[PDB]
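In the UniProt record's numbering, the protein residues as written are 413 to 480.
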(Lines of atoms letter the chains of each structure in order from A; the text may use other names.)
(Lines give C-alpha, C1' and ligand atoms only; values in the text may rest on other atoms or scores of the structure.)
Protein backbone atom coordinates (compact mmCIF):
# COMPACT_ATOMS: atom_id res chain seq x y z
CA UNK A 413 0.00 0.00 0.00
CA UNK A 414 0.94 3.67 0.05
CA UNK A 415 -1.99 6.07 0.37
CA UNK A 416 -3.37 6.41 3.90
CA UNK A 417 -0.69 5.24 6.32
CA UNK A 418 1.92 7.63 7.71
CA UNK A 419 4.39 6.96 10.58
CA UNK A 420 3.68 8.47 14.00
CA UNK A 421 4.86 6.75 17.18
CA UNK A 422 8.53 7.50 16.67
CA UNK A 423 8.87 11.27 16.83
CA UNK A 424 9.37 10.65 20.56
CA UNK A 425 11.55 7.56 20.16
CA UNK A 426 13.75 9.12 17.48
CA UNK A 427 16.60 8.86 19.98
CA UNK A 428 15.94 5.14 20.31
CA UNK A 429 17.52 4.03 17.04
CA UNK A 430 20.73 4.24 19.07
CA UNK A 431 19.31 3.77 22.58
CA UNK A 432 16.03 2.03 23.33
CA UNK A 433 15.37 2.86 26.98
CA UNK A 434 13.09 0.87 29.28
CA UNK A 435 10.30 3.35 28.53
CA UNK A 436 11.08 3.47 24.82
CA UNK A 437 11.33 -0.31 24.51
CA UNK A 438 7.79 -0.12 25.86
CA UNK A 439 6.56 0.95 22.43
CA UNK A 440 8.64 -1.22 20.12
CA UNK A 441 8.44 -4.13 22.54
CA UNK A 442 4.65 -3.72 22.77
CA UNK A 443 4.09 -3.89 19.02
CA UNK A 444 6.51 -6.77 18.61
CA UNK A 445 4.84 -8.34 21.63
CA UNK A 446 1.39 -7.62 20.20
CA UNK A 447 2.59 -8.92 16.85
CA UNK A 448 4.19 -12.29 17.78
CA UNK A 449 7.41 -12.50 15.76
CA UNK A 450 6.59 -10.04 12.97
CA UNK A 451 9.34 -7.42 12.70
CA UNK A 452 7.27 -5.66 10.08
CA UNK A 453 4.59 -3.64 11.80
CA UNK A 454 6.79 -3.00 14.80
CA UNK A 455 9.44 -1.60 12.48
CA UNK A 456 6.76 0.13 10.40
CA UNK A 457 4.99 2.28 12.99
CA UNK A 458 8.25 3.73 14.32
CA UNK A 459 9.62 4.45 10.81
CA UNK A 460 13.01 5.56 12.18
CA UNK A 461 13.33 1.93 13.24
CA UNK A 462 13.27 -0.38 10.22
CA UNK A 463 12.88 -4.16 10.38
CA UNK A 464 16.56 -4.88 9.74
CA UNK A 465 17.42 -1.81 11.82
CA UNK A 466 15.15 -2.94 14.67
CA UNK A 467 17.55 -5.77 15.49
CA UNK A 468 19.39 -3.01 17.35
CA UNK A 469 16.59 -3.12 19.92
CA UNK A 470 16.75 -6.81 20.86
CA UNK A 471 20.52 -7.36 21.17
CA UNK A 472 20.70 -4.15 23.21
CA UNK A 473 18.04 -5.18 25.71
CA UNK A 474 20.12 -8.21 26.67
CA UNK A 475 23.38 -6.26 26.44
CA UNK A 476 23.18 -5.47 30.15
CA UNK A 477 20.35 -7.55 31.61
CA UNK A 478 21.18 -10.87 29.94
CA UNK A 479 17.54 -11.96 29.86
CA UNK A 480 18.13 -14.42 27.03
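Note that beta-carbon positions come from the ideal geometry of N, C-alpha and C, so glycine has one too.
Whole-number beta carbon distance between residue j and residue i, since they are thought to touch under 8 angstroms
i           : j           : result
residue 472 : residue 422 : Not really, about 17 angstroms apart at Cβ, beyond 8 angstroms.
residue 465 : residue 420 : Not confirmed; about 18 angstroms, so no contact.
Burial state of residue i (16 or more Cβ within 10 Å)
i           : result
residue 434 : exposed
residue 438 : exposed
residue 469 : buried
residue 443 : buried
residue 524 : Given a span of 413 to 480 for the chain in the structure shown, any question on residue 524 remains unanswerable.
residue 418 : exposed
Check whether residue i and residue j have beta carbons under 8 angstroms apart
i           : j           : result
residue 461 : residue 455 : yes
residue 467 : residue 452 : no
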